[PDB]
Each structure stands twice: as C-alpha cells, then as structure tokens.
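Chemist: Quick check, what structure comes out for this input:
(chains A and B, ligands or ions: 2)
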There are 2 protein chains.
Amino acid sequence: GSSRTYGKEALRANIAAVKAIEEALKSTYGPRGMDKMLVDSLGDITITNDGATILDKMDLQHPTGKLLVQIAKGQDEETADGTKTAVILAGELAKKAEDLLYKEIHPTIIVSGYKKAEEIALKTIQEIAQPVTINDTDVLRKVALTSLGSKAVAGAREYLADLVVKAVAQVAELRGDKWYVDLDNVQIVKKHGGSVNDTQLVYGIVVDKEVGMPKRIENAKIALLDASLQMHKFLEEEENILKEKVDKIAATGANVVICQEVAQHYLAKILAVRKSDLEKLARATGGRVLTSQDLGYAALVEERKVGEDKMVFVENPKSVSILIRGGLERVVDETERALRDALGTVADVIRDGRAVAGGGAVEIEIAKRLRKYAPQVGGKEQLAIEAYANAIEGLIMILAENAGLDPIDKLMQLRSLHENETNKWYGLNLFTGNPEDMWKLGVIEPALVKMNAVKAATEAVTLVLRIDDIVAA
Amino acid sequence: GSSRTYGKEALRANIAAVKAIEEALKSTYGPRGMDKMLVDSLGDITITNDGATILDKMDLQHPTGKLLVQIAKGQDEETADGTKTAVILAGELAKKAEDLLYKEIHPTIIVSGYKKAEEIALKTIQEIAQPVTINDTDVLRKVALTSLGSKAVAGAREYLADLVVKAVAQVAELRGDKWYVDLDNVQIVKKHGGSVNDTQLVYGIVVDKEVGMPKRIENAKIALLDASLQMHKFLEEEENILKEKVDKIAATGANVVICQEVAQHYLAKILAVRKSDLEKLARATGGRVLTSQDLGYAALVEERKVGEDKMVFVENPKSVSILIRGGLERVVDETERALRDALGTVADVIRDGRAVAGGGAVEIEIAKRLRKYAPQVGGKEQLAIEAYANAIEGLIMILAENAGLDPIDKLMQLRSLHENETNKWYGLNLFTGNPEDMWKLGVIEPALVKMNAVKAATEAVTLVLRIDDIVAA
Ligand SMILES: Nc1ncnc2c1ncn2[C@@H]1O[C@H](COP(=O)(O)OP(=O)(O)O)[C@@H](O)[C@H]1O
Ligand SMILES: Nc1ncnc2c1ncn2[C@@H]1O[C@H](COP(=O)(O)OP(=O)(O)O)[C@@H](O)[C@H]1O
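Modeler: Numbers count the residues shown, from 1 in each chain, chains lettered A, B, ... in the order given. Ligands and ions are numbered 1, 2, ... in the order given. Right below this line is the structure:
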C-alpha cells in the first residue's frame, strides 16, 4: 500500500503547511508581544517566548514542514540566534509567491528570481554596516543591553553587562588579523541567596566549593587529581603514596590539592579542595590530572566568604571566571538564557568587526535597493523580484502590529521618510510607537545574524517550491 | 495526538476560567459573610471561611487557573495573609479588562497600562502610612484584636492578646536599625480541661510533662539527652555510666536530667523529666544534647500543678513560652489558627514599623491618586489606567454587599465624603452599616500585606493576558 500527492494540489498542500507553522508563530515575533504555553499529557506546564525552545517540542504532520523545521533547528544549533526571523521570513516569501501562481508562471522561474535577488541583499548588507572594535566599550555596552533586554532587571544588570564586556576583552585576541574570541574561555559560578550586587569578574578561576586548612596561599603550585586523592606491606604502600606527594610535589611548592581521609589531617598539619573545573584549571594553571609531573602554577590561592557561604579561588591569564550569586535557582536558570546568550551575541560581533541597525531599517533599505535592481533584469523574472521586495517589506508590517500600532499608516509614513534619504537609520520604535532614529536609541545587531537569517529563509522556501510530487511506501 | 487553543477565543476561555474561580470565592471575602464546605468521596466533611484552606483542596481543569492558584498558594506560603484579597483583586482586574477588548485595543497596551499604574499605587501606600513601635502597646493591642476577631471569644482573649504582645516585646530586638522579631522564638504549650483564664506567659521554657523527685531546684545546670538517658564487665560499664554523670556533671550542679530505670531510684535518692523541646532548651539554657560538656544553665527549675495536672518549668532570656490550657482539643486546634497567625501578623507589623487603615479606605485613596495621574499619560494607555482605578474601586463594592447594604448607594456616599478630604480614614463599617472613621474603630493592617496583595494580583493577571496560544502534546 502506497500513497501519492500530485500536481498544483501538492504545491497548495505544502504552501498551506508552511503558512500553518507561520501562523502558529507569527504573533510571537519579539521583544514586546504575546507568548505561548506548552503542556504535557503528563500534566506538566511551560511558558516561553523563544521559538527555538518552542520548536524543540512542536507537533509535525507533514514531512516538508518537519524538514523546514529541521533546517531552522540546525540554524539555531549553529547560532542560537535569528531562529524566529528565519521562519517568519520564509513564511511570507512562500505566501507572496502564491499570488504569482494564479498568473501561471512556471515554478522554476520563481525559484530563479528568488535566488537572484538574494545576491543583491547579501551585497547590500555588506555595504551599509559600520565597523566596531574591542576598544569601543559603550557601543559594546549597547550591544550587550540589546541582547540582555526584555526583562526589566536589564537596567540593574547594566554593570553586569560591563563585567562580561571586560571579561571578553581579557579573553579576546587577534587571529587572522581579526579580533578573536570563543565562549568556552569564560568560567561561570552560581550560588543562591544573593543578588545582582553580588556579581563579579575574577580574571582567574573560581572553585565554588566549601572546605585546619589555611585561608591563604601564595606563589605556589597546584595538584589536580582524578577522583579522590602482602596485606600489611600493601596497606602501608597506600600510606606512603601521601608522603610521596610531599617528597617531590610539595618540595616544589604545590600548596593546594584539588580532588574530583589521612590527608585531611596530614595536610592541615596545605589546602585540599573537594571534570570541567579540572579542565579550566588545566587551561589556567598549566596543570594536568602518582607522577611528579602534571603540576599547575598560580600566584595566589584563597578561600573567602561570598555572601551566604565560603568559596575558593585560584588567581595563563587567557581564561576568566565571572561570579554569580543569585537569589534563587530560578535566577541561575534564566541567567544562562540571558548572560551566556549575550556573551555569544557579543562574540559574534567581535568576530564580525562590523555592525548594523536593527529597527527593521536594514530590511527597509534592502527593499529600496531591490526596487532599483529589478528593472535591469526585465524578464518574467522581474515579477518575482518585485514580489520578494514586497514580501520582505512585509516583515516590519508585522513587527509594528505587535506594538499595537495601526501598521499600514506607520509603514507609509516610514517609507516616505526613508525615501528622501533623511536617515540611514530611521525605523520603528516599539515603545514610543513612532518613527525614530534606531541608532541613537542604541538598538544594535550583528550583520552575520541577518545574513544567516535571509540565507536560511531562501534555502527553506526553495525546498518547498522545487518539489512536484510525494510518494510514500 | 495534539490539542490547540487559539485567537480571541483563547483569551475568552482563560478570562472565563479566572472569572470562574473568582465567582467560586467572591462571596467569602470576610470577616462577616457566608462560608463554604468541602466533602470527600470517602464521606468526610469540612467547614471553612479560609481561602488558603479552600485552595489546599480545589478542583482545577484549566492549567492557567492551576498556575494562578499556585501563585496564590506561594503568596500564602510566604505570608499566610492576603490570600483571598489577591485572588479577588485579580479577578476584577481581569473582568474589567474584558470591557476594553470590544474596543479592539491590542492586549500588549493593556498590559502596559496595568503595569504602569501599579507604580503609583505602590508609591501611594508608602506615602499615607503612620509609624509604630514596640512601645505603642494599645495600638499593638488593636492590631492583635483585628487579627484575632471574627470569633466572639476575642473579647475574653483581650488579656491573651496582651500576653502575646508582651511576649513579642521580650522576643523583639533591633536589627538593621529596625525592630526585629521572628515567630520561632516563642514556645507554646497545650493541655485540655482548662479555660482562657488558665493562659499565661512565662519569660522562660515550659516542659509540658508529668513525672521521689524534688518539686523545686535552684541555681543549677541542665542535662539534655538524645532518646532515653565480656558480659559482666560490660553489664557494669552501663551502671558506671550513671555515676559518670554525677562525677563531673552533678559536681557542677546539673540538678535536672531531661530525656527524649536505675536512675529513677538513684536520682530520687535530682530531677529526671520524660526534639523541638530540646532545641528550645538549647536556645534558652545554652545546653546541647556521655560527655562532661554540652551543659545548660538556669536560675530556677520547678514542677507545679497547672489546672487539672502537673507541669515542669525551666526559668538566655530571648525565648519565651506562653501557656495554654484550653477546654478541649478543638480549642487548641483553633488556637493555632488564631494565636500563631496573630503573632505572625504582629511580627509583620514590627518589621514594617509603619501601618495603614483597613476599611477599604486605603483602596479608595489609591483610586483618588490614580484618577489624577492618568491624564498626564494621555495615550491609549489612559483607558487602561482609568479602568484599573475603577476596578480596584470595585473591591469595597463587594465588601459592603457581604454586610447586606445596598452597595451603590453606600459607595457614592463614601466617595462624596472622601472627595472633600473630610478624613484620611473614612471607610465602610460592616456592623453599623455606615460610613465611619475606621481608625478610631481600631481596625488596623500592615502595609506589607497590601503591597504583596496588589503585587500578586498584577502578576497573575499579566500571566493571563500575555498568553495568545496553548498547545498540548
Ligand atoms: N527593542 C527592540 N527595538 C526594536 N527592534 C528590536 C528590538 N528588539 C529586537 N528587535 C528586532 O527584532 C528582530 C529580532 O527578533 P527577536 O525575536 O529578538 O529575535 P531573537 O529572539 O533571536 O532575539 C530584529 O529586527 C531586531 O532588530
Ligand atoms: N472588622 C473589619 N472591619 C472592616 N474591614 C475589615 C474587617 N476585617 C477585615 N477587614 C478588611 O477585609 C480585608 C481583609 O480580608 P480578610 O478576609 O480578612 O483577609 P484574611 O482572611 O487574609 O484576613 C481588608 O480590607 C481588611 O482591612
């Protein structure tokens, strides 16, 4: 038994499927605008704005929908970013294409035009950006704040934004004549019962553990250990293995002993501390997880009180800890989704070296280049590029509607202001509800995120229009 | 198989759910007004006014309702207080918002206005309060009586209210330049066959247990014990362990031995008495739960007759026992729900240092600030703040209806009296049925309870209006 889907109706089925998952996500384009909740047959409950977190658990009848979703999920695994933009832009590209099919243009022509215009967009993004460097700290703070916002505590966390910017500046280097970073150089530590005021940067490694042993050690080495630190003859051999640590490793100054009972008395009579931490310490200290070799080095080691409880510190400088003591485990959980995402957002700026506005105004400027390229092509392909420009202009029309404005009137006012070239960066403000300068408002995005969004959208819609027939076996 | 809820109809479903649990609790806003009964499929029966005790056992089809209930239950776990006010205020905020949706204001705008006004309310509460201190004993007695009332025995328990106020005054200290208390410094003891006249305060620890041993001991130490107090050689070792208590612990004066058979004769030939009590004794005496160490100290120890039967007493001064000998176990059970709740109510006053009226008049005064802030904002947001003020004015309209008055007429009369600024504290009296001075009537509430009520309500209704879509998997 085998099942088949055919002809114009196969396009109407697959276009309907992508319009359906668009409709299921259209309202949630952020940052202000309503959110969605998902519940288990076990009776469990979740509330989220985040499309990537939604598409982790959506329900998917048509295979082409599942495949488009897979492409979006891959885009998020590369970036964590743009994930809602890609699906929405794909959805509107697909719908506006349906308006051509009544004029009976053969689908391969549309797939030509929708591919060709994407060259002009991709070129135009690389034209209009401005440069940025590690030194440009207030612009980096604007970038961090734009990634951090849509939770009111982002105003209080404005000093926490400066902490991660300086942590990046210490993590950052040059490679390929470009500023160079990755996230995994930054350590984070996390305890409850604190506040935003507890938060710190360390320029070193933090050991979030509580221990006769000394509070302070200086100019010393470090021992890293996997797991913990003839009957009578073999009994004493495992006593000797303690002093065999002293005999060479203490004689060279390894004043702290870090483990994943006789030593607890003996070393107190030297500090002992109870895999990722041992890797971070191996990166910072040069140590490795007996042998007389494998030793790490540091100038300072301490245990100190940090809010409600004690913590241990080791103080290579190219890795940096930041310290969080939040009020609750709820705050730690959301501090990943805020802070590690913000750090990654900044790193993608650092590795781009260039930046663009975000007020939808990048998109409107692309629309103005497109309507000047299309008359040069002039074939039937022209109706496809004019459609593409109108469909991407169809994005901010949605974004304004989530700010409750009447969209058409604000769209025409915006385009009228943009027509005179009055600004490079006029766009649509979601709080004042007005056409405003989006750059002085401080709303910034990396150009890479636009490129990967527009790319993933065009890839998805070609994989819809290019399919004639489905068979199942 | 997956289930989905959508569009305007998802709001009408979720608004209907919160209107339903409001309707299921609307009539029970206290203190005079009808109550509700809950019965098991096992045939068991309960009668209560207390919403927190009701929401311990309600039936909950919609998840958003369950989640709003969870927020109310959390509010009660923090406070035990305000629990009905939060739900009712949320319910009316939700209903009055429905009257805007026919004018097609986008829900995000309403959520803006309902958030913005809450700043003006929160500021206004902190403006109008009056200060209070430990010294202000008759005002503290009014506070206690207002927490104690709606059981007629509160008139007889007016001296019992003075006992817990003085127990607090002995428990209380300064911390952070503020008067400081917590409940867990007060011991309570509980026997049957007595009366309100049996009740006492002790400035010490009471041991509610009946024992050749002496009736009185003075200037002595205390032994606290976990659980009770080579065959022949090890037999006698457990005889020696009795005199080993004498050999150091009696030689230093530990005349009472407190346990969670040879000693019953031997010590009579010293007092022996048969986890929370041992912790309370550890707090008062400095003792700890053989060793020669761990000893407690007190100036006086006694066993004495207390109504129907004997009781033992130990007499650090910063913990205080109060003594209850009620007529029945029914009285002890309700004496938690009265007395420990009243003590907590007072402590929340002590730690606020400030106080507000309760006659609904705090709420009406907020309504008068709001209608003067709203014309400055002036956008579409104005229709949301004017609605919020009208909806919170909608609270006392219910409270008067539980006193059987015709509500509209009393509301207009009240607002007319409040308009002229005739009083800071005119409100609505539930017994005389008249507009009266609520402060001279002695009806007092802590400002914290209002803050946490208005806060939890606004949090709940935003979590309703902010949801567009539900999916179940
Ligand atoms: N506060 C803001 N003001 C204006 N535009 C914004 C704001 N926040 C985000 N945007 C725009 O919204 C789009 C990003 O959508 P968003 O849901 O934030 O994506 P993501 O969830 O991946 O961050 C871009 O056009 C971005 O510039
Ligand atoms: N005897 C009273 N006279 C006037 N208002 C009262 C009286 N008792 C309570 N109130 C008011 O009722 C509201 C408290 O509702 P209530 O059911 O008592 O809450 P709770 O059950 O948490 O004590 C507040 O407005 C409070 O001031």
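Chemist: tell me which residues of stretch A:440-459 are tucked away?
Modeler: By neighbour count on 16 or more other Cβ atoms under 10 Å in any protein chain shown, the buried set for stretch A:440-459 is A:441, A:443-459. The C-beta positions use only the backbone N, C-alpha and C, and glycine is treated the same way.
Chemist: Out of those, which sit inside strands?
Modeler: A:444, A:445 (DSSP state E).
Chemist: Please give the number of neighbouring residues around the residue of the stretch 251-400 of chain A found nearest ligand 2.
Modeler: For the stretch 251-400 of chain A and ligand 2, the shortest gap (Cβ to the nearest ligand atom) falls at residue A:328, measuring 25.3 Å. The tally of other residues near residue A:328 (other Cβ atoms under 10 Å in any protein chain shown) stands at 11.
Chemist: and if you look at residue A:19?
Modeler: Around residue A:19 there are 16 residues (other Cβ under 10 Å).
Chemist: That one is in contact with residue A:91, isn't it?
Modeler: Yes: assessed by Cβ atoms under 8 Å, residue A:19 is found in contact with residue A:91 at 6.5 Å.
Chemist: Now do the contacts for the residue of the stretch 301-450 of chain A at minimum distance from chain B.
Modeler: Closest contact between the stretch 301-450 of chain A and chain B, by Cβ to the nearest Cβ, is at residue A:404 (3.4 Å). For residue A:404, the contact set (Cβ atoms under 8 Å, 6 or more residues apart in numbering or on different chains) comprises A:433, B:105, B:106, B:108, B:109, B:380.
Chemist: Repeat that for residue A:438.
Modeler: With Cβ under 8 Å, 6+ apart, residue A:438 has these contacts: A:357, A:358, A:359, A:361, A:425, A:426, A:427, A:429.
Chemist: In a strand, residue A:187, correct?
Modeler: Yes: using DSSP: H, G, I helix; E, B strand; the rest coil, the assignment for residue A:187 is a strand.
Chemist: so what's it bridging to?
Modeler: For residue A:187, the beta-bridge partners are residue A:321 (DSSP bridges).
Chemist: Ligand 1 contacts on the stretch 1-150 of chain A?
Modeler: For the stretch 1-150 of chain A, the contact set with ligand 1 under Cβ under 6 Å from any ligand atom comprises A:29, A:30, A:31, A:81, A:82, A:83, A:84, A:85.
Chemist: Let me know whether the first one touches residue A:84 as I believe.
Modeler: Spelled out, that is residue A:29. Yes: assessed by Cβ under 8 Å, residue A:29 is found in contact with residue A:84 at 5.9 Å.
Chemist: Neighbour count for the two, which is higher?
Modeler: Each of residue A:29 and residue A:84 has its neighbours counted (other Cβ under 10 Å); residue A:84 has more, 22 against 19.
Chemist: and that one, what helix or strand is that in?
Modeler: For residue A:84, the host element (DSSP states H and E) is helix A:83-101.
Chemist: which of the residues in the very next helix or strand once past that helix are buried?
Modeler: Using DSSP H and E, the next helix or strand after helix A:83-101 towards the C-terminus is helix A:107-128. Of the residues in helix A:107-128, A:107, A:110-114, A:116-118, A:120-121, A:124-125, A:128 count as buried by neighbour count, 16+ other Cβ under 10 Å.
Chemist: And the furthest pair within those?
Modeler: Longest distance between any two of these is 32.3 Å, between A:107 and A:128; criterion Cβ to Cβ.
Chemist: just to revisit the earlier point, from the buried residues of stretch A:440-459, list the ones also adjacent to ligand 1.
Modeler: Restricting the buried residues of stretch A:440-459 to those adjacent to ligand 1 (criterion: Cβ under 6 Å from any ligand atom) gives A:443, A:445.
Chemist: ok, back up a step: and which of the buried residues of helix A:107-128 is nearest to residue A:213?
Modeler: When these are compared against residue A:213 (criterion: Cβ to Cβ), the nearest one is residue A:125, at 57.4 Å.
Chemist: quick one: contacts for that closest one?
Modeler: Residue A:125 sits next to A:356, A:362, A:366, A:447, A:450, A:451, A:454 when contact means Cβ under 8 Å, 6+ apart.
Chemist: Show me these that map onto helices.
Modeler: A:362, A:366, A:447, A:450, A:451, A:454 (DSSP state H).
Chemist: Assumed residue A:240 was part of a helix.
Modeler: Yes: remark: residue A:240 belongs to a helix, assigned using three-state DSSP.
Chemist: In three-state terms, label the residue in the stretch 51-200 of chain A that ligand 2 sits nearest to for me.
Modeler: Closest residue of the stretch 51-200 of chain A to ligand 2, Cβ to the nearest ligand atom: residue A:193 (28.3 Å). What three-state DSSP gives for residue A:193 is coil.
Chemist: Now for residue A:235, how many residues are close by?
Modeler: Neighbours of residue A:235 (other Cβ under 10 Å): 9.
Chemist: Return the set of buried residues in the helix or strand harbouring residue A:310.
Modeler: For residue A:310, the element it lies in under DSSP H and E is strand A:309-314. The neighbour-count check on strand A:309-314 (16+ other Cβ under 10 Å) flags A:311, A:312, A:313, A:314 as buried.
Chemist: what do you get for stretch A:25-35?
Modeler: A:25, A:26, A:27, A:28, A:29, A:30, A:32, A:33, A:34, A:35.
Chemist: Serialize the residues of the stretch 1-150 of chain A next to ligand 1 to a markdown table and add fields for distance to residue A:176.
Modeler: Listed next are these as a markdown table, based on distance: Cβ to Cβ, whole Å:
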| residue | distance to residue A:176 |
| --- | --- |
| A:29 | 35 |
| A:30 | 34 |
| A:31 | 34 |
| A:81 | 22 |
| A:82 | 24 |
| A:83 | 28 |
| A:84 | 31 |
| A:85 | 28 |
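Chemist: Setting aside sequence neighbours, what's the nearest residue to the residue of the stretch 51-200 of chain A closest to ligand 2?
Modeler: residue A:308 (4.5 Å; Cβ to Cβ, 6 or more residues apart in numbering or on different chains).
Chemist: Could I get the contacting residues of the one you found?
Modeler: When contacts are taken as Cβ under 8 Å, 6+ apart, residue A:308 is in contact with A:191, A:192, A:193, A:194, A:325.
Chemist: Buried among those residues? Make that a PyMOL selection.
Modeler: Of these, the buried ones go into a single PyMOL selection, burial set by 16+ other Cβ under 10 Å:
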select buried, chain A and resi 191+192+194+325
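Chemist: What is the nearest of the contacts of residue A:308 to residue A:346?
Modeler: Lowest distance from residue A:346 to those (Cβ to Cβ) belongs to residue A:325, with 22.7 Å.
Chemist: Cool, thanks, talk later.
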